[PDB]
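Residue indices begin at 1 and follow the sequence shown. Values below: every heavy atom of this structure, side chains too, minus hydrogens, waters and symmetry copies.
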Amino acid sequence: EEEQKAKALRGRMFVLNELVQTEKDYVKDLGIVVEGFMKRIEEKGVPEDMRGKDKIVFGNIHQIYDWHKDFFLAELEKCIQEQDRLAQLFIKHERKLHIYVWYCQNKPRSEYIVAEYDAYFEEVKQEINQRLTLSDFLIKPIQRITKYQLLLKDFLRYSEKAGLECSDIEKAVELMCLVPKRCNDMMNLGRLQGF
């Protein structure tokens, strides 16, 4: 009985540790986009045919990079010591999640320019010594939102099997179900019209 609760509390620390570690790797990956790909492009220059199109490719990813590197990662680390702050962390910053929905809506245009200039961006990748393509990096913010949902769901189960007050955690989960859906809606609307 109380041995089942102890396993459940363990499960819940595990999920938090996975949330923080994948957050560190998420920040590193965004850093490769911003401090690697985008920095290399300023050094390398863009062919005249592409003038300004790099802004469409990267969109608002810097806004996402800064928010996780400078705020969200540290707030998640603080949750390892103060567990109940986790649900409120997602709830209280719901409006900030529009940066992701904004990212999703611009995604079809970005995908087009990345493919249209594939040889150029393949050069950039080589010139920064990365194994993954630019496209494999630019998907990561979209994937990250589904990762938060899956992890908050595991956090929810463990916290239920520990007999804990789950009310604010259910709201956190519901929120991170609605964001991927809105993301997919925006992307699908952006498929209706191109250049």
Side-chain angles (χ1 to χ4, degrees), residues 12 15-17 19-27 29-34 37-38 55-77 79-81 83-84 86-87 89-91 93-94 96-112 114 134-146 148-156 158-160 164 166-170 172-173 175-177 179-180 182-192:
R12 148 170 165 125
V15 163
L16 272 169
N17 289 329
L19 189 50
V20 160
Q21 185 53 226
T22 55
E23 187 73 7
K24 293 181 190 177
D25 289 323
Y26 182 54
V27 166
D29 286 349
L30 294 168
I32 288 159
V33 179
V34 173
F37 278 96
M38 293 177 63
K55 287 175 181 68
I56 301 179
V57 163
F58 299 98
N60 70 318
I61 188 144
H62 85 296
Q63 180 180 44
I64 296 166
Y65 180 43
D66 288 349
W67 190 72
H68 288 272
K69 163 178 66 87
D70 300 343
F71 172 74
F72 203 65
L73 166 54
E75 291 298 318
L76 284 180
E77 287 180 315
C79 285
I80 290 176
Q81 184 148 357
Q83 271 113 301
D84 310 338
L86 183 71
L89 175 64
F90 284 88
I91 294 167
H93 301 101
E94 173 185 349
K96 194 83 198 182
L97 285 166
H98 288 249
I99 69 177
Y100 280 88
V101 182
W102 182 285
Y103 189 86
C104 292
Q105 189 190 24
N106 187 72
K107 190 76 173 72
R109 274 185 306 266
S110 173
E111 280 165 6
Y112 183 97
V114 169
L134 180 50
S135 296
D136 280 23
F137 277 101
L138 299 174
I139 203 58
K140 289 180 190 301
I142 305 178
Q143 292 168 328
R144 187 64 178 149
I145 288 302
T146 297
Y148 287 143
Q149 173 199 134
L150 289 170
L151 290 166
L152 286 165
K153 283 182 174 166
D154 291 8
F155 195 80
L156 205 186
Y158 286 129
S159 307
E160 288 171 336
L164 298 164
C166 295
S167 169
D168 275 15
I169 304 170
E170 286 161 5
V173 167
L175 168 61
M176 305 300 314
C177 292
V179 173
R182 284 145 146 121
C183 168
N184 283 309
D185 288 355
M186 305 297 276
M187 277 189 34
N188 290 348
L189 269 44
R191 306 258 179 238
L192 304 182

Could you pull out the closest heavy-atom pair between [X] and [Y], with the gap in Å?
X	Y	result
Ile139	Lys107	CD1-CE, 3.9 Å
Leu89	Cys79	CD2-SG, 4.3 Å
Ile91	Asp168	CD1-O, 3.2 Å
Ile61	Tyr103	CD1-OH, 3.7 Å
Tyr65	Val27	CE1-O, 3.7 Å
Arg144	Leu19	NH2-O, 3.4 Å

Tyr26/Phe72 aromatic ring centres below 6.0 Å: no
Which value, rounded to the nearest 0.5 Å, describes the distance between [X] atom [atom1] and [Y] atom [atom2]?
X	Y	atom1	atom2	value
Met187	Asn106	CE	CG	11.0 Å
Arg12	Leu86	CZ	CG	8.5 Å
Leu97	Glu94	CG	CD	7.0 Å

Does the pair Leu76 and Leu16 meet the rule for a side chain to side chain contact (heavy atoms under 4.5 Å, CB included), with working shown? CA-CA 8 Å; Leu76 284 180; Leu16 272 169; 6.0 Å; no
Test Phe58 against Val114 for side chain to side chain contact (heavy atoms under 4.5 Å, CB included), laying out the working first. CA-CA 9 Å; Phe58 299 98; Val114 169; over 6 Å; no
